[PDB]
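Keeping their order, the protein sequence lines are chains A, B and C.
Residues 2 to 55, numbered by the UniProt record's numbering, are exactly what the first sequence covers, in order.
Residues 56 to 110, numbered by the UniProt record's numbering, are exactly what the second sequence covers, in order.
Residues 220 to 272, numbered by the UniProt record's numbering, are exactly what the third sequence covers, in order.
We put the CB at the ideal spot given by N, CA and C, even for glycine.
Beneath this line is the structure, given in structure tokens, with notes to follow.
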Amino acid sequence: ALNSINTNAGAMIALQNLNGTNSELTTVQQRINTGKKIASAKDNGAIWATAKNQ
Amino acid sequence: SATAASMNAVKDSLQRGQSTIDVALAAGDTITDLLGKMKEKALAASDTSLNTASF
Amino acid sequence: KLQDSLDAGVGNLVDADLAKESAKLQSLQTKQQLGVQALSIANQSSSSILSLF
Numbered sequence: 002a003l004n005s006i007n008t009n010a011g012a013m014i015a016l017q018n019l020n021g022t023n024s025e026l027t028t029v030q031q032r033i034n035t036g037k038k039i040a041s042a043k044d045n046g047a048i049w050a051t052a053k054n055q
Numbered sequence: 056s057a058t059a060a061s062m063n064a065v066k067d068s069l070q071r072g073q074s075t076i077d078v079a080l081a082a083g084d085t086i087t088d089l090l091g092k093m094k095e096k097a098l099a100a101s102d103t104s105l106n107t108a109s110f
Numbered sequence: 220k221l222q223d224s225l226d227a228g229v230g231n232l233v234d235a236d237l238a239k240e241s242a243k244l245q246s247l248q249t250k251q252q253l254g255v256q257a258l259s260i261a262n263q264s265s266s267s268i269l270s271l272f
């Protein structure tokens, strides 16, 4: 309503973008800790299985 | 003045339409990301030098 | 994302615009003080009949 005192979409959208950035930071920190792109089976299943077998 | 009251009735329907389109747009963004990933998978599998167990 | 959207939508439906109520409130307080003075003015009618007798 642009004057509503019960809600505001700006805060929700700002929250969503902040959480997106936090998830990206999680991924990069994982990449740094392990030293490789595909560490677990969640990153990429096909390539992970291939590397294990190889 | 009856007409001004009716305009007050119209604005809510316009707002409801906006809301439905936002829900659709969110779902659409998710769908486009999934389609990109599917293209990547299909492209990777189109390789003829691949093992039988990776396909 | 969906829960945020639903909350925002419900608020869009049933939220007020306080800026309009402030103006309306000021106007109504002035109008009520005025209506009281008007009623008090109207009450004192018929008080002049005594002077006739």
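* For the putative contact between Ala47 of chain A and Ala227 of chain C, defined by C-beta atoms under 8 angstroms, what is the C-beta separation to the nearest angstrom? -> About 39 angstroms; that fails the 8 angstroms criterion.
* Identify which residue in C:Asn231, C:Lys239, C:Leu271, C:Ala238 has its Cα closest to the Cα of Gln73 of chain B. => C:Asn231
* Just how far apart, CA to CA, sit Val78 of chain B and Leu90 of chain B? -> 19 angstroms
* To do: Find the residues of chain A that neighbour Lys220 of chain C, judging by a C-beta separation of less than 8 angstroms, and give them in chain order.
  => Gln17
* To do: Note down the Cα distance separating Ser41 of chain A from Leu221 of chain C, rounded to an integer number of angstroms.
  => 29 angstroms
* Hey, could you find the ends of the alpha helix (DSSP H) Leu271 of chain C is sitting in? => 268-271
* Return the Cβ separation of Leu244 of chain C and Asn4 of chain A in integer angstroms, given the expectation that the two are a contact with Cβ distance under 8 angstroms. => That belief does not hold up - the Cβ atoms of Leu244 of chain C and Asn4 of chain A are roughly 14 angstroms apart, past 8 angstroms.
* Neighbour flag for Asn23 of chain A against chain C, beta carbons, 7 angstroms -> no
* Does the beta carbon of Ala10 of chain A come closer than 7 angstroms to any beta carbon on chain C? -> yes
* Asked: What does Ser109 of chain B touch in chain A if you count any residue whose Cβ is under 8 angstroms from its own?
  -> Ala47, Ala50, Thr51
* To the nearest angstrom, report how far apart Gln263 of chain C and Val229 of chain C are at their CA atoms. => 52 angstroms
* **Residue-level contact to chain C via CB, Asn20 of chain A, 7 angstroms cutoff** => no
* Other residues of its chain near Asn106 of chain B: CB distance less than 6 angstroms, five sequence neighbours each side excluded -> none
* **C-beta neighbour in chain C for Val78 of chain B, strict 7 angstroms** => yes
* How would you write the range of the alpha helix (DSSP H) that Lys239 of chain C sits in, first residue to last? -> 237-262
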